[PDB]
Amino acid sequence: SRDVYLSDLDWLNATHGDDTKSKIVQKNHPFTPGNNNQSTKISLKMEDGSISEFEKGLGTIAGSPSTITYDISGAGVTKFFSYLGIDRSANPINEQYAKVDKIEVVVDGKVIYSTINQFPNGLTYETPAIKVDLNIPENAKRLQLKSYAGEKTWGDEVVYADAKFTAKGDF
Ligand SMILES: CC(=O)N[C@H]1[C@@H](O[C@H]2[C@@H](O)[C@@H](CO)O[C@@H](O)[C@@H]2O[C@@H]2O[C@@H](C)[C@@H](O)[C@@H](O)[C@@H]2O)O[C@H](CO)[C@H](O)[C@@H]1O
Ligand SMILES: [Ca+2]
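Here the sequence shown stands for residues 34 to 204, numbered as in full-length UniProt numbering.
Now the structure itself:
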């Protein structure tokens, strides 16, 4: 097997909760600064509270939900890894900002991982990153990363940091 960053693959579709649809989901930047063509790296508050920067990942704005879909048919994907969280670049100006109800990993229509199980009240700017290290079912065809904004999308700068598949085959 080998590891491949999701950001080094093309998605089938990528939808976000930002009002400006000309902005696009980002590879290897958080959503807002990346659409601004800044060099700002993805960064998250880690389990111990420290901030880590990442070279690789995906940057989106949560939506109802916002969905990134990959066609992983015949690829032999056996594992998915990512940190999940709200990028540090987000601005927690008040309690309505940077509040994400849940993030799911869905494979062929089945939720195989959800933050709701450990974080029933969702993610906030100061929730520590969540380490997702996940077996992927044999013969799977579609994988979707879904981030749910809840009441508003403000500040919902969701990053899939270090997001990568492990795969026995080719995409
Ligand atoms: C300053 C800040 O953190 N902005 C993020 C936030 O943006 C939206 C809110 O601030 C909202 C409050 O009513 O106003 C919206 O105008 C604003 O949208 C942002 O700014 C406008 C001018 C456009 O450029 C929009 O594309 C842009 O999103 O929440 C969004 C997600 O909805 C982003 O995280 C912003 O970084
Ligand atoms: Ca929200």
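By construction, the Cβ of each residue, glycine as well, lies at the ideal position given by its N, Cα and C atoms.
By the Cβ rule, the region 39-51 counts as touching the region 92-106, because three or more pairs are nearer than 8 Å.
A131 and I119 do touch by the CB rule: their CB atoms are close to 5 Å apart, below 8 Å. Between the beta-carbon of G109 and that of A196 there is about 18 Å, and that puts the pair past the 8 Å contact cut.
Per DSSP, reduced to three states, the secondary structure at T148 is coil, with no helix or strand assignment. For ligand 2, no non-hydrogen atom lies closer than 7 Å to the CB of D120.
For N124, the shortest C-beta to heavy atom distance toward ligand 1 is below 7 Å. 8 Å or more divides the Cβ of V58 from the Cβ of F198.
Going by C-alpha positions, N70 is about 22 Å away from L117. At a threshold of 7 Å, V133 counts as near ligand 2, since its beta carbon sits closer than that to one of the ligand's heavy atoms. Approximately 15 Å separates the beta-carbon atoms of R121 and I94; this is outside 8 Å, ruling out the contact. Inclusion of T111 and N168 in the CB contact set at 8 Å is warranted, their separation being smaller than that value.
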